[PDB]
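Chemist: Take a look at the following structure, please.
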Amino acid sequence: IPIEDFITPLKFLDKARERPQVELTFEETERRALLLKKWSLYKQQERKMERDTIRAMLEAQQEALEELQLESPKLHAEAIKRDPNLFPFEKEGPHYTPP
Amino acid sequence: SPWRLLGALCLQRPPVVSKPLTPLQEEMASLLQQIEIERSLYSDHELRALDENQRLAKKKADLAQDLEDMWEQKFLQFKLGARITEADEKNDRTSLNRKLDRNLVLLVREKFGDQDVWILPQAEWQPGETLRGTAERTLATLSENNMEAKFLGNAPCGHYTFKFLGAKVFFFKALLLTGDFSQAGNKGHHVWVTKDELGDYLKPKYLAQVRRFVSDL
Amino acid sequence: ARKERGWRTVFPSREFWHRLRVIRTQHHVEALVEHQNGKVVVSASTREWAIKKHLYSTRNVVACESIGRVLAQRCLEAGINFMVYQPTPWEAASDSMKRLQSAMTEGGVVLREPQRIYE
Amino acid sequence: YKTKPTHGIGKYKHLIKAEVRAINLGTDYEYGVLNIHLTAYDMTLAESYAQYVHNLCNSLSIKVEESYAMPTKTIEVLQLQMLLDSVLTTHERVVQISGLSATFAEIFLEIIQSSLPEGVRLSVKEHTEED
Amino acid sequence: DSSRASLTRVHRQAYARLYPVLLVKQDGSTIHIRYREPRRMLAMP
Amino acid sequence: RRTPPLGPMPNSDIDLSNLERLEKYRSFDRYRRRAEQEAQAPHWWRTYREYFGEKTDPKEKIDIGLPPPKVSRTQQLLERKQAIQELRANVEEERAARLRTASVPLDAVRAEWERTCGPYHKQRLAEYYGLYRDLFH
RNA sequence: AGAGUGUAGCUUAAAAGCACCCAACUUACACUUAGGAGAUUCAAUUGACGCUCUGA
C-alpha cells in the first residue's frame with residue numbers, strides 16, 4: 001500500500017503572507033548573479049577533481065589486472081570473484097560533533 | 001618465478017566529523033537559509049506569535065518569546081563535544097582521536113634489508129588461500145588490536161614492485177568499521193596517516209606511489 | 001516563381017524562396033540566409049572577430065540580438081527583403097529567438113514571404 | 001522493393017527494442033538489480049543525495065532502473081521530568097540500479113561513502129522482498 | 001567531501017520554514033536536522 | 001528474389017547486440033543534425049539532390065583574383081584575446097550582458113567586416129546572383 | 001640514459017564541433033531554457049619544458 005507525503009497537506013490554504021517582502025534590491029540581485037556564477041565555477045573544479053580520482057584508481061585497478069595476468073590465472077579468478085558476503089553495506093554519515 | 005607474492009592493505013578510518021565549509025559554502029548556506037525563509041509558508045510558531053500579538057493588541061486597546069528564551073537558555077547551558085582534536089591530541093600521530101574531518105590510513109614501522117621504514121601491513125601468499133585470506137590474516141597478525149573492519153571487495157587496488165628476486169606488493173583497500181588498538185603504548189610504531197603526511201612517511205615508487213589509490217577527495 | 005510545395009510529412013517545410021537558419025552551437029551563434037536549392041545567400045556569425053570584439057560572450061541573447069542586427073543590415077544591403085524562418089517550438093519560445101526576430105523586424109526584413117501569384 | 005538493392009532501408013523495429021533477478025556471468029561476475037537505500041530525518045538531505053547519486057550513476061553509465069520512495073515514518077519521542085513529546089520524521093529514497101560489476105563495486109562503494117552527507121543512512125540491499 | 005549534497009534548500013512549491021536544529025543522540029552527539037519549531041536542541045533517549 | 005546492396009546500408013555500422021548499452025539521441029535537435037549530415041552525404045541510391053540539385057562541373061572553378069593578404073596568425077590571436085579579456089575585465093559589460101541591455105556598434109562592425117571577411121561573403125553572393133556563371137563563365 | 005611524443009575530456013577540426021557544470025521544470029533522470037569555465041610547452045622542419053615506456 002504505497003502512500004507518501006509527496007502530496008501537499010490540506011493545512012496550507014490561505015496564509016502565506018509571513019513574507020510579503022517579495023520586493024528585492026538591485027545590489028542584492030547583482031550579488032546573487034555574480035555569486036551563482038562563482039558557484040558554477042567552484043562546482044566545475046570539484047567535478048574535475050572527482051573525475052580525476054575516478055580515472056586514477058580505475059587505472060590502478062586496471063594495472064592490477066595486467067600485473068595479475070602477468071603472474072597467475074587462478075590468482076586472477078580469485079581476485080575477480082563476486083564475494084557475496086560483503087555486499088550488505090552500512091556506514092554512518094560523517095557526523096557534526098564527535099561522541 | 002623470480003618474484004615474491006606479497007600483499008598489502010589500506011585500512012582507512014573514515015572521517016567522523018563533517019568537513020568545515022569554505023567561505024563560499026558558508027555564505028551560500030546563509031543564502032539558502034534566506035531564500036527558503038522567503039519561499040516557505042505557514043509556520044505554526046509564527047502563527048501562534050502573530051495571533052497572540054494581535055489579541056494582546058486588542059486587549060491593550062480595550063506568549064511565544066518566553067518559549068524562545070527557554071530553548072535559548074537550554075542551548076546555552078548545553079555544551080558541544082569539542083572538535084579541536086589538534087589541541088586535544090597535540091601532535092600524537094599514533095592515536096585514533098586525531099583529525100576527524102579527514103580520512104586516515106594505518107601504517108606500521110618495519111625493518112627489511114631493502115628498507116627499514118614505514119610500510120603497509122604485509123604477508124607472503126600461502127598457496128592455499130585467497131589474497132583476501134592474506135588480508136584477513138594480516139588483520140589477525142597485527143599487534144594486539146581488535147579491528148572490526150570491512151573489506152571493500154575481493155579485487156586488487158595497487159601494484160608496486162622492487163627488485164632485490166622481485167618483491168611485488170599487492171596493495172588492497174579495507175575499511176575500519178569501529179575497532180581499536182589495545183596497548184596504545186605499543187613497541188611497534190603504528191602511525192595513522194593522511195596523504196599530506198604520507199608525503200613525509202613514504203618516499204618513492206614502492207611506497208609513495210600509493211597516492212594513486214589512497215582516497216582523500 | 002515556383003515554391004517547392006509538398007514535404008507535408010516531414011520537417012522543415014520546403015515551400016519558400018529564402019530561409020533563415022540559426023545554429024546555436026556551444027560556443028558560437030551562426031545565422032544563415034539560404035535559398036531553397038541550398039546555396040548560402042548571406043551569413044553572420046559570432047565566430048567572426050567583427051562580432052567577437054563587441055560581445056562579452058558569444059552565447060547570450062545579447063549575442064543573438066547582435067547577430068540579428070548585423071544580419072538584418074546585411075540582408076537590407078543584399079536586397080533579401082522577404083524570408084521564411086522555421087523554428088522548433090522550444091526555439092520560438094526561447095528568448096534568444098524572440099530577440100532575434102524582434103531585431104530582424106526592427107532592422108527591416110519581413111520574416112513572412114509573400115504568396116506566389118499562381119494566376 | 002524486395003527485388004531491389006535498396007530493400008529494407010526504412011527498417012527501424014530492429015534498431016528499437018520492446019516486448020535481471022540475481023544475474024551472474026560465470027567466469028566473470030556482475031551483481032543483479034540492487035537497491036541503494038538512502039533514508040534520513042531530513043527530506044531535503046535525502047532527496048539531495050538521491051539526486052546526487054542518480055546524476056553520478058548517469059555520468060559513469062550504470063543503468064538506474066528507478067528512483068522511488070519509501071514512506072515517511074513518524075515517531076513520537078516521549079520524555080518526562082503525561083510525557084512531553086517531540087515528533088520526528090524519517091523519509092526514504094531508493095535508487096534501484098541494474099548493471100553493476102563486482103570489479104567496479106570498489107569504485108562506487110568508496111566514492112558514495114566518501115561523498116555521503118551528515119547523518120544519512122546509506123544501505124545497499126538485494127531487491128528480493130521489499131515492496 | 002560531505003558538502004556536495006549538503007548545500008541544498010527545500011525544493012517544494014508549498015513547504016514550511018524548517019529551522020537549523022542540532023539533535024543529540026544518546027552517546028551525546030548532535031546532527032543538523034530541520035524542525036518546525038525554533039527549539040535548537042532535540043533529545044534522543 | 002533478392003539483390004544485394006550496391007554499397008553500405010545506412011544503419012549498418014550500429015551494433016545490434018544489446019541496444020541498452022549504446023548512447024542515444026534524447027533530443028530532436030541532435031537527430032536533426034545527424035540526419036542533415038546524412039542527407040548531405042553522397043549516397044548510391046536515387047536522391048532528391050540528384051534529381052533537383054544543380055549539377056555543376058567539378059572543374060574546381062579557377063581563381064583569377066588577387067593573391068590574398070598575408071597576416072601573422074600568432075600576434076593576430078594575441079591581440080584578439082587581449083581585447084577579449086580587457087572587455088571581460090570591464091565590470092559594466094557583465095552587468096549589461098546579465099541585465100540584457102548591451103549593444104553593438106554596427107558601423108564599426110560593418111567597416112572591419114569589410115576589412116576582414118566581407119570579400120568572401122561578397123564573392124559568395126556574386127556566385128548566388130550568377131555573375132561568375134554569366135559575366136565570367 | 002634512451003624513445004613515443006605534445007590542440008581544454010575526445011576529434012585522417014583548423015583556434016572549431018562534440019563532451020562537461022550551476023539555476024528553472026522534473027520524486028528523480030531526461031529534454032528544454034537561461035547562464036559558466038576553458039586548450040595550442042616554449043625559440044628561429046628542427047632545438048630545448050611536461051606525460052608515458054624502457055634500465056641502474
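Chemist: From other protein chains only, count the Cβ atoms within 10 Å of every residue's Cβ in C:41-52, then give the mean. All intermediate terms of the calculation are to be shown ahead of the outcome.
Modeler: Numbers: counts 5, 4, 5, 4, 1, 0, 1, 6, 12, 12, 3, 4.
Mean shielding count: 5.
Chemist: With the Cα gyration tensor of chain C giving a ≥ b ≥ c as the square roots of its eigenvalues, does the rule (a/c under 1.5 for rounded; else a/b larger than b/c for prolate; else oblate) give rounded, prolate or oblate?
Modeler: Values: a/c = 2.06, a/b = 1.64, b/c = 1.25.
It comes out prolate by the Cα gyration axes.
Chemist: Shifting gears a bit: Hey, got the average number of other protein chain Cβ atoms within 10 angstrom for residues in B:126-135? Working shown, then result.
Modeler: Numbers: counts 0, 1, 0, 1, 7, 4, 6, 1, 0, 0.
Per residue, the average neighbour count from other chains is 2.
Chemist: If packing is taken as the average number of other Cβ atoms within 10 Å across a peptide's residues, how do F:72-82, C:89-99 rank, most packed first?
Modeler: Details: F:72-82: 10.2, C:89-99: 14.6.
Ranked by mean Cβ neighbours within 10 Å, highest first: C:89-99, F:72-82.
Chemist: Taking every residue in A:5-17, how many Cβ atoms of other protein chains lie within 10 Å of its Cβ, on average? It would help to have the intermediate numbers written out before the result.
Modeler: Values: counts 7, 4, 0, 4, 3, 0, 4, 6, 1, 2, 6, 5, 1.
The shielding value for this peptide is 3.
Chemist: Work out the charge dipole of the protein assembly as shown with +1 on the Cβ of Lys and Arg and -1 on the Cβ of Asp and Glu about the Cα centre, then indicate which of E:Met44, D:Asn24, C:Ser45 is farthest towards its positive end.
Modeler: So the residue furthest toward the plus end is C:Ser45.
Chemist: While we're looking at this one, here's another question. If you rank A:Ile54, D:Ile107, D:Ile23 by fewest surrounding Cβ atoms within 10 Å, what's the result? It would help to have the intermediate numbers written out before the result.
Modeler: On the way: A:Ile54 16, D:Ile107 20, D:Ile23 13.
Ascending number of Cβ neighbours within 10 Å: D:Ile23, A:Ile54, D:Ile107.
Chemist: For the peptides C:76-83, D:2-9, what is the packing order when you average, over each peptide's residues, the other Cβ atoms within 10 Å and list the highest mean first? Intermediate values should be presented prior to the final figure.
Modeler: On the way: C:76-83: 14.8, D:2-9: 12.5.
For the peptides C:76-83, D:2-9, the packing ranking is C:76-83, D:2-9.
Chemist: So what is the 222 nm mean residue ellipticity for chain C from helices alone, if each DSSP H run of at least 4 adds -39500 (n - 2.57) and you divide by all residues, rounding to the nearest 500 deg cm²/dmol?
Modeler: Numbers: 4 runs with 40 residues, N = 119.
Counting only the DSSP helices, I get -10000 deg cm²/dmol.
Chemist: Assign one of three labels to the range D:1-128, namely rounded, prolate or oblate, based on the Cα gyration tensor with a ≥ b ≥ c the square roots of its eigenvalues; rounded applies when a/c is under 1.5, prolate when it is not and a/b is larger than b/c, and oblate otherwise. Don't skip to the answer; put the middle values down first.
Modeler: Numbers: a/c = 3.23, a/b = 2.39, b/c = 1.35.
Here the range D:1-128 falls in the prolate category.
Chemist: Among the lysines, select those whose C-alpha is under 29 Å from the C-alpha of C:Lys98, and discard any that sit fewer than 8 residues away in the same chain.
Modeler: The reachable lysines, counting only those whose Cα sits under 29 Å from C:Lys98, are A:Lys37, A:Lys38, C:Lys3, C:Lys39, C:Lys52, C:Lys53, F:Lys122.
Chemist: At 222 nm, what value in deg cm²/dmol follows for chain B if DSSP H runs of at least 4 each add -39500 (n - 2.57) and the sum is divided by all its residues, to the nearest 500?
Modeler: Working: 6 runs with 71 residues, N = 217.
About -10000 deg cm²/dmol.
Chemist: Let a ≥ b ≥ c be the square roots of the eigenvalues of the Cα gyration tensor of chain E; is it rounded (a/c under 1.5), or, if not, prolate (a/b larger than b/c) or oblate? Intermediate values should be presented prior to the final figure.
Modeler: Details: a/c = 3.29, a/b = 1.35, b/c = 2.43.
Oblate.
Chemist: Taking chain F as the reference, fit the longest principal axis to its C-alpha atoms, fit the long axis of helix F:73-89 to the helix C-alpha atoms, and give the angle between the two in degrees, 0 to 90, nearest 10.
Modeler: The angle comes out at about 70 degrees.
Chemist: For chain F, max minus min Cα coordinate along each principal axis, in Å, sorted largest first?
Modeler: 71, 53, 30
Chemist: Between the range D:66-84 and the range B:18-35, what's the alpha-carbon centroid distance in Å?
Modeler: Distance between centres, Cα-based: 28 Å.
Chemist: Given the C-alpha centroids of the range C:94-119 and the range F:10-55, what is the distance between them in whole angstrom?
Modeler: The range C:94-119 and the range F:10-55 have Cα centres separated by 31 Å.
Chemist: Still on this model: Quick one: order C:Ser45, B:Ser95, B:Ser143 by neighbouring beta-carbon count within 10 Å, fewest to most.
Modeler: On the way: C:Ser45 20, B:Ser95 16, B:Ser143 13.
Ranking C:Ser45, B:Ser95, B:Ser143 by Cβ neighbours within 10 Å, fewest first, gives B:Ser143, B:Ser95, C:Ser45.
Chemist: So how do F:56-63, D:50-57 stack up, highest first, on mean other-Cβ count within 10 Å? Walk me through the numbers before you get to the answer.
Modeler: Values: F:56-63: 7.5, D:50-57: 18.6.
Packing proxy ranking, top to bottom: D:50-57, F:56-63.
Chemist: So what's the gap between the Cα centers of the range B:159-213 and the range F:70-135, to the nearest angstrom?
Modeler: Going from one Cα centre to the other spans 59 Å.
Chemist: Right, another one. Express the relative contact order of chain C as a whole percentage, based on alpha carbon pairs under 8 Å and six or more residues apart in sequence. Intermediate values should be presented prior to the final figure.
Modeler: Values: 189 pairs, mean separation 27.9, N = 119.
Averaging sequence separation for qualifying contacts and normalising by length gives 23 percent for chain C.
Chemist: Straight-line reach from B:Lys187: which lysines fall under 27 Å, measuring Cα to Cα and dropping same-chain residues less than 8 apart?
Modeler: Correct list for B:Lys187: B:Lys90, B:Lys99, B:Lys111, B:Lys150, B:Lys173, B:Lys195, B:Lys203.
Chemist: Which values of log₁₀ I(q)/I(0), to two decimal places, follow from the Debye formula for the range A:24-94 at q = 0.14 Å⁻¹ with a uniform point scatterer at every Cα?
Modeler: -0.75
So basically every Cβ, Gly included, is an ideal-geometry build from the backbone, and we count neighbours across all protein chains shown. Bear in mind that the values in this text are calculations on the coordinates, not laboratory data.
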